[PDB]
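Enquirer: As input, take data35.csv (CSV, C-alpha atoms and all ligand atoms):
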```
chain,number,residue,atom,x,y,z
A,2,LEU,CA,144.9,96.4,138.6
A,3,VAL,CA,141.9,94.5,140.1
A,4,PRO,CA,140.1,91.7,138.3
A,5,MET,CA,136.3,91.6,138.0
A,6,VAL,CA,134.2,88.5,138.7
A,7,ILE,CA,130.6,87.6,138.2
A,8,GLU,CA,128.4,86.4,141.1
A,9,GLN,CA,125.2,84.6,140.0
A,10,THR,CA,122.0,85.6,141.9
A,11,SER,CA,118.3,84.8,141.4
A,12,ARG,CA,117.6,88.4,140.2
A,13,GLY,CA,120.4,88.3,137.7
A,14,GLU,CA,124.2,88.4,137.2
A,15,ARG,CA,126.1,91.2,139.0
A,16,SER,CA,129.7,92.3,138.4
A,17,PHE,CA,131.8,92.7,141.5
A,18,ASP,CA,135.5,93.4,142.2
A,19,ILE,CA,137.4,90.7,143.9
A,20,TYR,CA,137.7,92.6,147.1
A,21,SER,CA,134.0,93.5,147.2
A,22,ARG,CA,132.9,89.9,146.6
A,23,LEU,CA,134.8,88.8,149.7
A,24,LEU,CA,133.3,91.7,151.7
A,25,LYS,CA,129.9,90.3,151.0
A,26,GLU,CA,131.0,87.1,152.8
A,27,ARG,CA,132.3,89.0,155.9
A,28,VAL,CA,135.9,88.9,154.8
A,29,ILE,CA,138.3,91.9,155.1
A,30,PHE,CA,141.8,92.3,153.8
A,31,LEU,CA,144.4,94.3,155.7
A,32,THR,CA,147.3,95.0,153.4
A,33,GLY,CA,150.3,97.3,153.7
A,34,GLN,CA,151.2,99.9,156.3
A,35,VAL,CA,148.5,100.9,158.8
A,36,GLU,CA,147.7,104.6,158.3
A,37,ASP,CA,144.8,106.9,158.9
A,38,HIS,CA,143.2,106.3,155.5
A,39,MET,CA,143.5,102.5,155.5
A,40,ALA,CA,142.4,102.2,159.1
A,41,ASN,CA,139.3,104.5,158.7
A,42,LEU,CA,138.2,102.3,155.7
A,43,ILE,CA,138.3,99.1,157.6
A,44,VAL,CA,136.1,100.6,160.4
A,45,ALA,CA,133.4,101.4,158.0
A,46,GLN,CA,133.4,97.9,156.6
A,47,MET,CA,133.2,96.3,160.1
A,48,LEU,CA,130.3,98.6,161.0
A,49,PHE,CA,128.6,97.8,157.7
A,50,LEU,CA,128.7,94.1,158.5
A,51,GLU,CA,127.4,94.6,162.0
A,52,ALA,CA,124.1,96.0,160.7
A,53,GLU,CA,123.8,93.4,158.0
A,54,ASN,CA,124.3,90.4,160.4
A,55,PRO,CA,125.6,90.6,164.1
A,56,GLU,CA,125.7,86.8,164.5
A,57,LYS,CA,127.9,85.7,161.7
A,58,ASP,CA,131.7,85.3,162.2
A,59,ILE,CA,134.0,87.8,160.5
A,60,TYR,CA,137.4,86.8,159.0
A,61,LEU,CA,140.3,89.2,158.9
A,62,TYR,CA,143.4,88.4,157.0
A,63,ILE,CA,146.5,90.5,158.0
A,64,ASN,CA,149.6,90.8,155.9
A,65,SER,CA,151.3,94.0,156.9
A,66,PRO,CA,154.7,95.3,158.3
A,67,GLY,CA,152.9,97.4,160.9
A,68,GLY,CA,152.6,101.1,161.1
A,69,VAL,CA,151.1,103.9,163.2
A,70,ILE,CA,149.8,102.9,166.7
A,71,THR,CA,147.0,105.4,167.0
A,72,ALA,CA,145.5,104.2,163.6
A,73,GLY,CA,145.6,100.6,164.8
A,74,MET,CA,144.1,101.2,168.3
A,75,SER,CA,140.9,102.5,166.7
A,76,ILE,CA,140.5,99.1,165.1
A,77,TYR,CA,141.2,97.2,168.3
A,78,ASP,CA,138.4,99.0,170.2
A,79,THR,CA,136.1,98.3,167.3
A,80,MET,CA,136.7,94.6,167.3
A,81,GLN,CA,136.0,94.3,171.0
A,82,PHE,CA,133.0,96.7,171.0
A,83,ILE,CA,131.0,94.9,168.3
A,84,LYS,CA,129.2,91.6,169.1
A,85,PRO,CA,130.4,89.4,166.2
A,86,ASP,CA,133.5,87.3,166.8
A,87,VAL,CA,136.3,88.6,164.6
A,88,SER,CA,138.4,85.7,163.4
A,89,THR,CA,142.0,86.7,162.6
A,90,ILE,CA,144.5,85.0,160.3
A,91,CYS,CA,148.2,85.9,159.8
A,92,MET,CA,149.5,85.7,156.2
A,93,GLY,CA,153.1,86.5,155.4
A,94,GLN,CA,154.0,88.7,158.3
A,95,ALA,CA,152.5,90.5,161.4
A,96,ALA,CA,154.6,93.3,162.9
A,97,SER,CA,154.1,95.1,166.3
A,98,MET,CA,150.7,96.5,165.4
A,99,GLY,CA,149.8,93.6,163.1
A,100,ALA,CA,150.4,91.2,166.0
A,101,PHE,CA,148.3,93.3,168.4
A,102,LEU,CA,145.3,93.0,166.1
A,103,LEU,CA,146.0,89.3,165.7
A,104,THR,CA,145.9,88.5,169.4
A,105,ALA,CA,142.9,90.8,169.9
A,106,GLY,CA,140.7,88.4,167.9
A,107,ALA,CA,138.1,86.1,169.4
A,108,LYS,CA,139.5,83.5,171.7
A,109,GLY,CA,139.6,80.1,169.9
A,110,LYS,CA,139.3,81.6,166.4
A,111,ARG,CA,142.8,82.9,165.9
A,112,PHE,CA,145.1,81.1,163.4
A,113,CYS,CA,148.5,81.4,161.8
A,114,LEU,CA,149.8,79.7,158.7
A,115,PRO,CA,152.6,77.2,159.1
A,116,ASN,CA,155.2,79.5,157.5
A,117,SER,CA,154.0,82.8,158.8
A,118,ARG,CA,156.2,85.0,161.0
A,119,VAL,CA,155.3,87.4,163.8
A,120,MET,CA,157.5,90.3,165.0
A,121,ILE,CA,157.0,92.4,168.1
A,122,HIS,CA,158.9,95.4,169.5
A,123,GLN,CA,158.4,98.6,171.5
A,124,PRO,CA,156.7,101.8,170.3
A,125,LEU,CA,158.9,104.1,168.2
A,126,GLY,CA,158.8,107.9,168.3
A,127,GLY,CA,160.8,111.1,168.6
A,128,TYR,CA,160.5,114.8,169.1
A,129,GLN,CA,162.6,118.0,168.6
A,130,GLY,CA,162.2,121.1,170.7
A,131,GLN,CA,162.6,122.3,174.3
A,132,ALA,CA,163.4,119.9,177.1
A,133,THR,CA,160.0,120.6,178.7
A,134,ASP,CA,158.2,119.5,175.5
A,135,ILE,CA,160.4,116.4,175.2
A,136,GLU,CA,159.4,115.3,178.7
A,137,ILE,CA,155.7,115.5,177.7
A,138,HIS,CA,156.0,113.4,174.6
A,139,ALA,CA,158.2,111.0,176.5
A,140,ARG,CA,155.7,110.5,179.3
A,141,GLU,CA,152.9,110.0,176.8
A,142,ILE,CA,154.7,107.4,174.7
A,143,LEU,CA,155.7,105.6,177.9
A,144,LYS,CA,152.1,105.2,178.9
A,145,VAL,CA,151.3,103.7,175.5
A,146,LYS,CA,154.1,101.2,175.9
A,147,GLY,CA,152.7,100.3,179.3
A,148,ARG,CA,149.1,100.2,177.9
A,149,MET,CA,150.1,98.0,175.0
A,150,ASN,CA,151.8,95.5,177.3
A,151,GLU,CA,148.7,95.3,179.6
A,152,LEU,CA,146.4,94.4,176.7
A,153,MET,CA,148.9,92.0,175.2
A,154,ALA,CA,149.0,90.0,178.4
A,155,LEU,CA,145.2,90.0,178.6
A,156,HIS,CA,144.7,88.2,175.3
A,157,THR,CA,147.9,86.1,175.5
A,158,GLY,CA,147.4,85.2,179.1
A,159,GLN,CA,151.1,85.7,179.9
A,160,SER,CA,152.3,87.9,182.8
A,161,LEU,CA,153.1,91.6,182.3
A,162,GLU,CA,156.7,90.9,183.4
A,163,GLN,CA,157.2,88.4,180.6
A,164,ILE,CA,155.8,90.7,177.9
A,165,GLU,CA,158.1,93.5,179.1
A,166,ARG,CA,161.3,91.5,178.7
A,167,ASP,CA,160.3,90.0,175.4
A,168,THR,CA,159.2,93.3,173.9
A,169,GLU,CA,162.3,95.3,174.8
A,170,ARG,CA,163.8,94.5,171.4
A,171,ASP,CA,162.7,92.9,168.2
A,172,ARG,CA,161.6,89.3,168.7
A,173,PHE,CA,160.6,87.0,165.9
A,174,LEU,CA,158.3,84.1,166.7
A,175,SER,CA,157.6,81.3,164.3
A,176,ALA,CA,154.1,79.9,163.7
A,177,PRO,CA,154.5,76.9,166.1
A,178,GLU,CA,156.0,79.0,168.9
A,179,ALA,CA,153.0,81.4,168.7
A,180,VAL,CA,150.7,78.7,169.8
A,181,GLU,CA,152.9,77.8,172.8
A,182,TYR,CA,153.0,81.5,173.6
A,183,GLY,CA,149.2,81.7,173.8
A,184,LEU,CA,149.0,84.4,171.0
A,185,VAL,CA,147.0,82.1,168.7
A,186,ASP,CA,145.0,78.9,169.0
A,187,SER,CA,145.9,76.6,166.1
A,188,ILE,CA,147.3,76.3,162.6
A,189,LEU,CA,145.3,75.8,159.4
A,190,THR,CA,147.7,73.4,157.6
A,191,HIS,CA,145.1,71.7,155.4
A,192,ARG,CA,141.4,71.9,154.6
A,193,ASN,CA,139.2,69.4,156.5
B,64,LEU,CA,91.5,57.8,102.0
B,65,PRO,CA,94.4,60.2,101.6
B,66,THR,CA,98.0,59.0,101.7
B,67,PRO,CA,101.3,60.7,102.5
B,68,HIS,CA,102.5,60.4,98.9
B,69,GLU,CA,99.3,61.9,97.5
B,70,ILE,CA,99.2,64.7,100.1
B,71,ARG,CA,102.9,65.5,99.7
B,72,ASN,CA,102.5,65.6,95.9
B,73,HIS,CA,99.8,68.2,96.3
B,74,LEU,CA,101.9,70.2,98.8
B,75,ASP,CA,105.0,69.9,96.6
B,76,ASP,CA,103.2,71.9,93.9
B,77,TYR,CA,103.1,74.9,96.2
B,78,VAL,CA,106.3,74.5,98.3
B,79,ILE,CA,109.9,73.7,97.2
B,80,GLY,CA,112.9,72.7,99.2
B,81,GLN,CA,111.1,71.6,102.4
B,82,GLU,CA,111.3,67.8,102.1
B,83,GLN,CA,111.8,67.3,105.8
B,84,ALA,CA,109.0,69.6,106.8
B,85,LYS,CA,106.5,68.1,104.4
B,86,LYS,CA,107.1,64.6,105.8
B,87,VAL,CA,106.1,65.6,109.3
B,88,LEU,CA,102.8,67.2,108.2
B,89,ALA,CA,101.9,64.2,106.1
B,90,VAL,CA,102.3,61.8,109.0
B,91,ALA,CA,100.3,64.0,111.4
B,92,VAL,CA,97.6,64.6,108.8
B,93,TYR,CA,97.4,60.9,108.0
B,94,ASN,CA,97.6,59.8,111.6
B,95,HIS,CA,95.1,62.5,112.7
B,96,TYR,CA,92.5,61.3,110.1
B,97,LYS,CA,93.3,57.7,111.2
B,98,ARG,CA,93.0,58.5,114.9
B,99,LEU,CA,89.6,60.1,114.5
B,100,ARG,CA,88.5,57.3,112.2
B,101,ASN,CA,89.1,54.8,114.9
B,102,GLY,CA,86.1,54.2,117.1
B,103,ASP,CA,88.5,54.2,120.1
B,104,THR,CA,86.7,51.1,121.5
B,105,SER,CA,89.7,48.9,121.1
B,106,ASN,CA,92.8,47.7,123.0
B,107,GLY,CA,94.4,51.1,122.3
B,108,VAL,CA,92.9,53.6,124.7
B,109,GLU,CA,93.5,57.3,124.7
B,110,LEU,CA,95.7,57.3,121.7
B,111,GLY,CA,98.5,59.9,121.8
B,112,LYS,CA,98.5,63.0,119.8
B,113,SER,CA,101.7,64.3,118.3
B,114,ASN,CA,101.9,68.1,118.0
B,115,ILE,CA,104.1,70.0,115.6
B,116,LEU,CA,106.5,72.9,116.1
B,117,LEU,CA,107.6,74.6,112.9
B,118,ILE,CA,110.8,76.6,113.4
B,119,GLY,CA,112.5,78.2,110.4
B,120,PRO,CA,114.3,81.3,109.1
B,121,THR,CA,112.3,84.4,108.1
B,122,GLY,CA,110.3,84.2,104.9
B,123,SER,CA,111.2,80.5,104.4
B,124,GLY,CA,107.5,79.6,103.8
B,125,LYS,CA,106.2,78.5,107.2
B,126,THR,CA,103.0,80.5,107.1
B,127,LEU,CA,102.4,79.3,103.5
B,128,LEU,CA,102.4,75.6,104.4
B,129,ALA,CA,99.4,76.1,106.8
B,130,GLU,CA,97.5,78.1,104.2
B,131,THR,CA,97.9,75.5,101.4
B,132,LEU,CA,96.9,72.7,103.8
B,133,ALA,CA,93.5,74.2,104.6
B,134,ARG,CA,92.6,74.1,100.9
B,135,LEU,CA,93.2,70.3,100.6
B,136,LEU,CA,92.1,69.7,104.2
B,137,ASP,CA,88.4,68.6,104.6
B,138,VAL,CA,88.1,69.2,108.4
B,139,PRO,CA,88.0,72.8,109.6
B,140,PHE,CA,91.2,74.8,109.9
B,141,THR,CA,91.8,78.1,111.7
B,142,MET,CA,94.9,80.4,111.6
B,143,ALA,CA,95.2,82.6,114.7
B,144,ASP,CA,98.2,84.6,116.1
B,145,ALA,CA,99.7,85.0,119.6
B,146,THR,CA,100.3,88.7,119.3
B,147,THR,CA,96.9,89.7,120.6
B,148,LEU,CA,96.8,87.1,123.4
B,149,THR,CA,96.9,88.4,127.0
B,150,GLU,CA,96.7,86.3,130.2
B,151,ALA,CA,94.6,86.9,133.2
B,152,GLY,CA,91.6,88.3,131.3
B,153,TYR,CA,93.3,91.5,130.2
B,154,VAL,CA,92.0,94.0,127.6
B,155,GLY,CA,94.0,92.5,124.7
B,156,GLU,CA,92.5,89.1,124.1
B,157,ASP,CA,92.0,85.7,125.8
B,158,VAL,CA,93.0,82.2,124.7
B,159,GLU,CA,89.4,81.2,124.1
B,160,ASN,CA,89.4,83.6,121.1
B,161,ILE,CA,91.2,80.8,119.1
B,162,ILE,CA,88.4,78.3,119.6
B,163,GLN,CA,85.5,80.7,118.6
B,164,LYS,CA,87.5,81.6,115.4
B,165,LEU,CA,87.4,77.9,114.5
B,166,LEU,CA,83.6,77.7,114.6
B,167,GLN,CA,83.4,80.6,112.2
B,168,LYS,CA,85.1,78.4,109.6
B,169,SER,CA,83.1,75.3,110.9
B,170,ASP,CA,79.7,77.2,111.0
B,171,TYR,CA,79.4,76.5,114.8
B,172,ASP,CA,79.5,72.7,114.6
B,173,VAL,CA,80.9,71.3,117.8
B,174,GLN,CA,81.3,67.7,116.7
B,175,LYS,CA,83.0,68.8,113.5
B,176,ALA,CA,85.2,71.4,115.3
B,177,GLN,CA,86.9,69.1,117.8
B,178,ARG,CA,88.4,67.2,114.8
B,179,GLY,CA,89.8,70.5,113.4
B,180,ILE,CA,93.4,71.6,113.1
B,181,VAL,CA,94.8,74.8,114.6
B,182,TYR,CA,97.8,77.0,113.5
B,183,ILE,CA,99.6,79.7,115.4
B,184,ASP,CA,102.1,82.2,114.0
B,185,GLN,CA,104.9,84.3,115.6
B,186,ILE,CA,105.1,81.9,118.6
B,187,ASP,CA,108.6,83.4,119.4
B,188,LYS,CA,106.9,86.7,120.4
B,189,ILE,CA,106.0,85.1,123.8
B,190,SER,CA,109.5,83.7,124.7
B,191,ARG,CA,111.2,85.2,127.8
B,192,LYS,CA,114.0,87.6,127.0
B,193,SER,CA,116.7,85.1,127.7
B,194,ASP,CA,116.3,85.6,131.5
B,195,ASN,CA,115.7,83.6,134.6
B,196,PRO,CA,112.2,83.6,136.2
B,197,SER,CA,110.9,87.2,136.2
B,198,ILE,CA,110.6,89.4,139.3
B,199,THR,CA,107.1,90.7,138.1
B,200,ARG,CA,104.2,89.6,136.0
B,201,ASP,CA,104.8,89.3,132.3
B,202,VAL,CA,101.3,89.5,130.8
B,203,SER,CA,102.7,88.8,127.3
B,204,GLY,CA,105.4,86.1,127.4
B,205,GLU,CA,105.9,83.7,130.3
B,206,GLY,CA,102.3,84.3,131.3
B,207,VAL,CA,100.8,83.3,127.9
B,208,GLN,CA,102.7,80.1,127.8
B,209,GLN,CA,101.3,79.0,131.2
B,210,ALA,CA,97.7,79.4,129.8
B,211,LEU,CA,98.3,77.3,126.7
B,212,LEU,CA,99.7,74.3,128.6
B,213,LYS,CA,96.3,72.9,129.6
B,214,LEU,CA,94.8,73.8,126.2
B,215,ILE,CA,97.3,71.7,124.3
B,216,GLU,CA,96.9,68.6,126.6
B,217,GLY,CA,93.1,68.6,126.4
B,218,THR,CA,90.3,70.4,128.2
B,219,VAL,CA,87.0,72.2,127.8
B,220,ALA,CA,86.9,75.9,127.4
B,221,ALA,CA,83.8,78.2,127.6
B,222,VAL,CA,82.9,79.7,124.2
B,223,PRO,CA,79.8,81.7,123.4
B,224,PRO,CA,78.3,80.3,120.2
B,225,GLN,CA,78.1,83.2,117.6
B,226,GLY,CA,79.1,85.5,120.5
B,227,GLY,CA,75.6,84.9,122.0
B,228,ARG,CA,72.3,86.1,120.5
B,229,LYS,CA,71.2,88.1,123.5
B,230,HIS,CA,71.0,88.1,127.3
B,231,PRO,CA,68.5,85.2,127.0
B,232,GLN,CA,71.0,82.4,126.6
B,233,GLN,CA,73.8,83.6,128.9
B,234,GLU,CA,75.5,80.2,128.4
B,235,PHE,CA,78.8,78.9,127.0
B,236,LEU,CA,79.4,75.7,124.9
B,237,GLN,CA,82.0,73.3,126.2
B,238,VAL,CA,84.7,72.5,123.5
B,239,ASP,CA,86.9,69.5,124.1
B,240,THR,CA,90.5,69.8,123.0
B,241,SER,CA,92.1,66.4,123.7
B,242,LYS,CA,91.7,65.4,120.1
B,243,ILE,CA,92.6,68.8,118.6
B,244,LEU,CA,96.0,69.1,116.9
B,245,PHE,CA,98.2,72.2,117.3
B,246,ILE,CA,100.8,73.6,115.0
C,1,LIG,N1,109.0,77.4,98.9
C,1,LIG,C1,108.2,78.4,98.5
C,1,LIG,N2,107.7,78.3,97.3
C,1,LIG,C2,106.9,79.4,96.9
C,1,LIG,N3,106.7,80.5,97.5
C,1,LIG,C3,107.2,80.6,98.7
C,1,LIG,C4,108.0,79.6,99.3
C,1,LIG,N4,108.5,80.0,100.5
C,1,LIG,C5,107.9,81.2,100.7
C,1,LIG,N5,107.2,81.6,99.6
C,1,LIG,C6,106.5,82.9,99.5
C,1,LIG,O1,106.5,83.5,100.7
C,1,LIG,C7,105.2,84.0,101.1
C,1,LIG,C8,105.0,84.0,102.6
C,1,LIG,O2,105.7,82.8,103.1
C,1,LIG,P1,105.7,82.6,104.7
C,1,LIG,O3,105.1,81.2,105.1
C,1,LIG,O4,105.0,83.8,105.3
C,1,LIG,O5,107.2,82.5,105.1
C,1,LIG,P2,107.5,82.7,106.6
C,1,LIG,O6,108.9,82.3,106.9
C,1,LIG,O7,106.5,81.8,107.4
C,1,LIG,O8,107.3,84.2,107.1
C,1,LIG,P3,106.7,84.4,108.5
C,1,LIG,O9,106.2,83.1,109.1
C,1,LIG,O10,105.5,85.4,108.4
C,1,LIG,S1,108.1,85.2,109.6
C,1,LIG,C9,104.2,83.0,100.4
C,1,LIG,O11,103.0,83.6,100.2
C,1,LIG,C10,105.0,82.7,99.1
C,1,LIG,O12,104.7,83.7,98.1
```
Take the structure from the file and write it as structure tokens.

Expert:
Amino acid sequence: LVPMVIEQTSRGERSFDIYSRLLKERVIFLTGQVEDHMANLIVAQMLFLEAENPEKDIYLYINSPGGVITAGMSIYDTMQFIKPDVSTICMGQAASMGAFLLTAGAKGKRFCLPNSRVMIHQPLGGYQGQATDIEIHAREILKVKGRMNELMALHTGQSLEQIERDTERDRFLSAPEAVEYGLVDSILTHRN
Amino acid sequence: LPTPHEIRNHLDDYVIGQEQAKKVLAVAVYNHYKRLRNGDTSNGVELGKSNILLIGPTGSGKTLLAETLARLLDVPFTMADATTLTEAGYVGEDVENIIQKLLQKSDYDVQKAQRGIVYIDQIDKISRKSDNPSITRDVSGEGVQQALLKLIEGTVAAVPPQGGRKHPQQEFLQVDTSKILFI
């Protein structure tokens, strides 16, 4: 269930859902696994905000255990293509793909809560068939792993060699360690 | 030399169960006669005028009080309605219609008409429909109230005496309203 709220305007009172009210203020929620349906919906919201105002900062709250890579990469290119600075915040957890969208935010406008947790690992896959076909899907997923490490280093500033060793297996990073790692800029402990 | 007790005794004969309402009219009627009686060339200058707003349930006798008052009242009295009034010179009616109706009762006497009393019925008909400032022009409603503001405080409005005899005159008589009471 979704509660309904009332926003007071000069013309009159209007009934809005809680998610649509925040959308009016350039705020998007990324919840659950990243799939083709959830990803294609966020893109339309980002594009809608671009036309309304290209100079106002966007806030993107991420709480997700990750998911498909191809669905997430469509969002990454969108954040970098459009002019507005997409501010990112990590709430609860940020997995492999959730972490990639976190660091892809605008430099200086990336935050993580004091008790949040980030997890990063290598791409997962699989195939069943002839050996010739397995080699094709293996070469493809290998390029993705290399491509994801190159971009991760670009935003985090670390070297490609460091990202390769730390992403070989699951690695959990607390909120303070994320700042030292260059993934985020600061922590929003209290309101000032 | 009427007194609140004498005027209330007369009104009590025609109205029952309106003790609070009767007191207000007696004071205004007594004060209004007293205000006009004063030469005004005294320490008190531009004496204030207290208007009246009669709000009550349906069929409680509001319209009746104004009718009975005119019988006992010596000065002219007129009873108009805000249903036909339209702002910005529309086809319905103008606010000046109220003043010319007073002269019909006063026989076109300017000095005697300014000291008259005015009554309006169905004032709620021009209240906004429980909304914020409108997005368009409300000819009947918010617009009508705007026009009556200056009339209640006091001003001169053009009024053709008798409607005008013919093209010959082509003039309007100024009618002060600073002294006129409004109910
Ligand atoms: N106290 C009363 N004593 C005697 N007759 C009354 C009394 N109150 C009302 N009436 C009768 O009601 C009639 C009309 O009264 P109104 O003054 O019109 O009441 P009202 O509440 O003003 O109705 P509106 O203003 O048209 S909505 C009068 O002609 C009387 O016959």

Enquirer: Write as a ChimeraX atom specification the residues around ligand LIG 1 (chain C), taking 9 Å as the cut-off and counting all atoms listed in the file.

Expert: /B:75-81,118-130,184-185

Enquirer: Tell me, counting all atoms listed in the file, for each residue of chain A within 8 Å of chain B, which pair of atoms is nearest and how far apart they are in Å to one decimal, in rows ordered by chain and increasing number, as CSV.

Expert:
```
residue,atom,partner,partner_atom,distance
A:11,CA,B:195,CA,7.4
A:12,CA,B:198,CA,7.1
A:13,CA,B:195,CA,7.3
```

Enquirer: Considering all atoms listed in the file, state which residue in the set A:39, A:48, A:23, A:82 is at the smallest distance from residue 61 in chain A.

Expert: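 Looking at the shortest contact to residue 61 in chain A, the residue is A:23.
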
Enquirer: If we count all atoms listed in the file and set the cut-off at 12 Å, which residues sit around residue 162 in chain B, ignoring sequence neighbours fewer than 2 positions away in its own chain? Please answer as a compact mmCIF listing (two decimals) with C-alpha atoms, in the coordinates of the input.

Expert:
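result-v3.txt written:
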```txt
# COMPACT_ATOMS: atom_id res chain seq x y z
CA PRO B 139 88.00 72.80 109.60
CA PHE B 140 91.20 74.80 109.90
CA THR B 141 91.80 78.10 111.70
CA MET B 142 94.90 80.40 111.60
CA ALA B 143 95.20 82.60 114.70
CA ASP B 157 92.00 85.70 125.80
CA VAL B 158 93.00 82.20 124.70
CA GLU B 159 89.40 81.20 124.10
CA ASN B 160 89.40 83.60 121.10
CA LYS B 164 87.50 81.60 115.40
CA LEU B 165 87.40 77.90 114.50
CA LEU B 166 83.60 77.70 114.60
CA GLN B 167 83.40 80.60 112.20
CA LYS B 168 85.10 78.40 109.60
CA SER B 169 83.10 75.30 110.90
CA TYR B 171 79.40 76.50 114.80
CA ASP B 172 79.50 72.70 114.60
CA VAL B 173 80.90 71.30 117.80
CA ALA B 176 85.20 71.40 115.30
CA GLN B 177 86.90 69.10 117.80
CA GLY B 179 89.80 70.50 113.40
CA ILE B 180 93.40 71.60 113.10
CA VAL B 181 94.80 74.80 114.60
CA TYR B 182 97.80 77.00 113.50
CA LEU B 214 94.80 73.80 126.20
CA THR B 218 90.30 70.40 128.20
CA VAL B 219 87.00 72.20 127.80
CA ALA B 220 86.90 75.90 127.40
CA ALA B 221 83.80 78.20 127.60
CA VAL B 222 82.90 79.70 124.20
CA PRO B 223 79.80 81.70 123.40
CA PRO B 224 78.30 80.30 120.20
CA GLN B 225 78.10 83.20 117.60
CA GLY B 226 79.10 85.50 120.50
CA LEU B 236 79.40 75.70 124.90
CA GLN B 237 82.00 73.30 126.20
CA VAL B 238 84.70 72.50 123.50
CA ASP B 239 86.90 69.50 124.10
CA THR B 240 90.50 69.80 123.00
CA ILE B 243 92.60 68.80 118.60
CA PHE B 245 98.20 72.20 117.30
```

Enquirer: Given all atoms listed in the file as the basis, pick out the residue of A:35, A:80, A:135, A:184 nearest to residue 155 in chain A.

Expert: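 Selected residue with least distance to residue 155 in chain A: A:184.
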
Enquirer: For residue 133 in chain B, which residue among B:212, B:104, B:70, B:200 is the nearest when counting all atoms listed in the file?

Expert: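 Under the stated criterion, the closest residue is B:70.
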
Enquirer: Give me the residues within 12 Å of residue 127 in chain A as number ranges by chain, counting all atoms listed in the file and dropping any in the same chain fewer than 4 places off.

Expert: A: 134-143

Enquirer: Which of these, B:134, B:95, B:188, B:229, has the shortest distance to residue 114 in chain B once you count only C-alpha atoms?

Expert: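 Between B:134, B:95, B:188, B:229, the residue approaching residue 114 in chain B most closely is B:95.
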